[PDB]
Amino acid sequence: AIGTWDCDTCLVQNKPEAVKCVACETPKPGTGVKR
Ligand SMILES: [Zn+2]
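Below, the structure written as structure tokens:
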């Protein structure tokens, strides 16, 4: 797993340290592959 993900619900990127997006606090689903 890369360990990094971007939030497309509000165009905001989050780093591995993040947990819940600041603008909308995304659940941060755990997915091995983004695609
Ligand atoms: Zn977001």
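Its first residue numbered 1, the sequence shown is counted upward by one per residue in the deposited numbering.
Note that CB positions come from ideal geometry on N, CA and C, so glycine has one too.
- DSSP, read as helix, strand or coil, puts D6 in strand.
- Judged by DSSP secondary structure, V12 falls within the beta strand (DSSP E) whose first and last residues are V12 to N14.
- Straight-line measurement puts the Cα of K20 at about 13 Å from the Cα of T4.
- When the alpha-carbon of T26 is set against those of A1, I2 and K15, the nearest one is in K15.
- Straight-line spacing of the CA atoms in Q13 and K34 works out to 14 Å.
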